[PDB]
Ligand SMILES: Nc1ncnc2c1ncn2[C@@H]1O[C@H](COP(=O)(O)OP(=O)(O)O)[C@@H](O)[C@H]1O
Ligand SMILES: Nc1ncnc2c1ncn2[C@@H]1O[C@H](COP(=O)(O)OP(=O)(O)O)[C@@H](O)[C@H]1O
Ligand code: BEF
Ligand code: BEF
Ligand SMILES: [Mg+2]
Ligand SMILES: [Mg+2]
């Protein structure tokens, strides 16, 4: 990220910066002409008396005071309304581009980092670019009103004052280019300190079962002391700067004296060579500010926003473009010679030449020895990850060709460890849908057998299950995750191992009777119990990522194909 | 939180502040005396030849310039250092008091709120305090100088200049009591929009299975447009305080003319009356800054830190004070007429008069109908929540009387949904322990039947399982959550649902063998499968929070007690 780019996100704020600059000029006139009009007013009363021409002249002293404060106020009241509008736009423009990246991206960036860039960084970058544009607009007017006088007093001497500027910028640039490399290693070393404060608070019930809850507060400290060594290095590099300029503004302050002598004796007056200094002390208090800091800050902002400007430009490595949304779907899924391997461990192949299909209207189970690729057959059916070789078909057309917002409304899912949100229940069984009538939420909460325990909570369908449904039992959090996938009435239904993983051994049956036997679905039951997969219309045993057997329970329990060995210890 | 409290947290910086103030005094002295010596040197060099006589006077100008530059640089450096130190101290002192609160606390405050608070509020408070202290010191020095110069001219008029200061303060106190009530409803409405950006990023694999990943980015926006409506009322005020001040500083400039002229025609030189204004213009620019902003800011800091100063003073409602660490623990647990009720739903009793015990060296199981209180018998045994009637005894003495860091080293636990951390595996099977030898991590990873699949990962025991072990299968995250509980040799082991959860029924046994049959443990197997509790030395069936049956498998399958009805559907 260069300096031009950072100033591009402030383009829609020109209508505000001009009205903020104009009201800045008017604030300068009233600050200079005031004395000239004051004496002109004091002489009036001094001529004869007051109350006769005083009011005639004292008026122009009031209007300037009033006419001034209005400007100095309406200005400060807009450079605080452009630090917000620039913030809200830098924040929103990141999220909206941080929530459309392929899923393989959230496995490499810990959710503590991604929030330290959205919360902290975009607050810094917004801050710097406000002040340093609040200043460079003030010091570009004072330098003008003070530069014209340094000519009226001297035509020669002024041309020497302007020989330091090109010097006070070669220095104000050497730090701008070093203050960036640093203010990026502080926003970074400050995020790594905010991924240990989020990983320890979100898991406080498992960091306390072990007694090191007060020792995980000394791994946070030792993460700040590394954001300190980066702060006592950002001071020594700002002290060392003030000296770098101050010295330079001295040489120009001396050389102006000696060369100011030759004139004072021969050419220039002695009264002028003294006033051209007072008016000269300002161009130093400006040549060091106007372009000393305004170009360091603008180079410390571009440092803080060096990463925030990378998540906004990153191109998702899996783009979904297709609008094949039909109106009559059968529900026939097929895996045609699949081959898969994750992006965070690319030396092991998860699936290999897997090939099977689900028939429309039948409960095709899927089993395996707890380490084969079973869920990975769900993280693909739902187009989370890309394939190396092969294609998944849904009714004859590869899933890549369906409308990304429609495919996920005809393929429900019950992930292995269901994750609920911190809302009500009636607002959690209808998560993805716009305003479904409260009638269909109950008609779909009796199928999953939730209405039994929901109508006993302190508040019924309006209770709360906060922070990943951690305020519901392990068995109630599924029957509320089941109902969340049935209220859509989906043709294809996917029940991952959370089907009945944590039920009472009598509840999982009262669901099977109603899940797909009554209506027409295409279920896909992944599980380890022999009960659930007993009556399945089919079974696909896969081991180490290779489909082995495809046969019904008895038709497969006859021959020994690694299936009859699994259910052995369970048949008692 | 008053202002004295906010300032108290900067007590250990008195040394730095006195050093900064001293260097500020020096810088002011230099900047004020420079022109007089400059004129002296110019006169001394113009009187005679300046070639050799100039230096004897320009040396003083050079020394004053060098001194001023050094002072300004050191002041800037020390203020940046003080800001950094204050920020670090506040940050650290928040966490260390935010990770020792009772567990119920973390069930009422969402983990996005806490992190937004910590980060943003600490940054804002430190920034405000630093800027404001700096400005106040500078302005007090300048005001002292100018007030001396003003008294030197008039003894009467000055006493009218100060008649406005109390006015410009009573006004700078009404935008310090309204600007606090506001800057607290911005930090408390900007952290309510950083819990919708953390709840959506940490659950990105379940907010995408439903297609509303780009509609969850328009619930974030509408959470910012309410931080705007506040950031606007915060501008329309600052723009309405400069006016309330600028005006008051006008009446003082008018009233200083009427009384200013009356003295110029009778007893005050007209030359002086003109000069007592220029010096007067640069007190309005200070009486409006020195106490204008420096007392609004200090009242906006106390606003932003209105909550951060509440998590630092909150008293944990469950304090553990007991040191009874023995050297020979038997391992006998007992529940003596327990009665329990959560604090976030205090109208339903979870447990009721529960009473049972675990015998030292026996696998006491525990079962129920998926909604009774079973885990709540573990969130109590580990002293997470307080009881209401009854005691939980560990070897005769209540658990409340054990070293909180020792009790949790003799009672291991396997939560219902295990949660791993984003580290290696050899650094995750030894979480709570300091540097256990790598020989004991393998000897304890073969018991849990994990060494089989660990030595096939791309990197072996050094691979990574990031962000809640989401980069391991559902059945590999259990066998790594067991090894984490067995590497301590706990005399009391608790398996909420670890083996039965997601194991393939083959490695399901190899754990069931070596866990407690070889050594001396006191296991407690919670589960739903008939396999675990089949060979258990005891069973305790509890329903709706009331222990019903306490008998072995056969001794309990004889009499129908809601047990024979549970395992019925699975006995095949
Ligand atoms: N997000 C992921 N990134 C990398 N590897 C993964 C990820 N999820 C699972 N794996 C690996 O894939 C293999 C098979 O995983 P998975 O298909 O989930 O097994 P199961 O379906 O039995 O849970 C496992 O060895 C696991 O280490
Ligand atoms: N943290 C919590 N806060 C409030 N209520 C809870 C919490 N955890 C569980 N519950 C409630 O307690 C009841 C019993 O929960 P629990 O004992 O966990 O059941 P199980 O042991 O079968 O999972 C449930 O109805 C559940 O709603
Ligand atoms: F390891 Be699994 F999700 F059966
Ligand atoms: F509802 Be549970 F944890 F058996
Ligand atoms: Mg799975
Ligand atoms: Mg439980």
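Following Swiss-Prot, chain B shows residues 168-739, kept in their order.
Cβ atoms here come from the backbone N, Cα and C positions, even for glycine.
Per Swiss-Prot, the feature transmembrane segment maps to B:181-201, B:221-241, B:315-335, B:412-432. If you look up Swiss-Prot, you'll see B:184-467 marked as domain 'ABC transmembrane type-1'. The domain 'ABC transporter' annotation in Swiss-Prot covers B:500-736. For B:535, B:536, B:537, B:538, B:539, B:540, B:541, B:542, the entry in Swiss-Prot reads ATP binding site, with the evidence type sequence analysis.
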How many neighbouring Cβ atoms, not counting its own, are there within 10 Å of the Cβ of residue B:538 (ATP binding site)? 19
Beyond the flanks of the transmembrane segment (B:412-432) by at least 6 residues, Cβ under 8 Å: 323-324, 327-328, 330-331, 334-335, 338-339, 440, 443-444, 447, 451, 454-455, 459
Would you mind ranking the binding-site residues B:535, B:536, B:540 by how many other Cβ atoms sit within 10 Å of each Cβ and giving me the lowest? B:536
Neighbourhood of residue B:541 (ATP binding site), C-beta criterion under 8 angstroms, separation at least six: B:533, B:534, B:535, B:693, B:709
Binding-site residues, contacting chain A; criterion Cβ under 8 Å; candidates B:536, B:538, B:539: B:536, B:538
In all the protein chains shown, the tally of other Cβ atoms within 10 Å of the Cβ of residue B:537 (ATP binding site) is 23
I need the least crowded one of these binding-site residues (B:539, B:542), counting other C-beta atoms within 10 angstroms of each C-beta. B:542
Binding-site residues whose CB lies under 6 angstroms from ligand 6, from B:535, B:536, B:537, B:538, B:541, B:542: B:541, B:542
Under a three-state DSSP reduction, the secondary structure at residue B:542 (ATP binding site) is helix
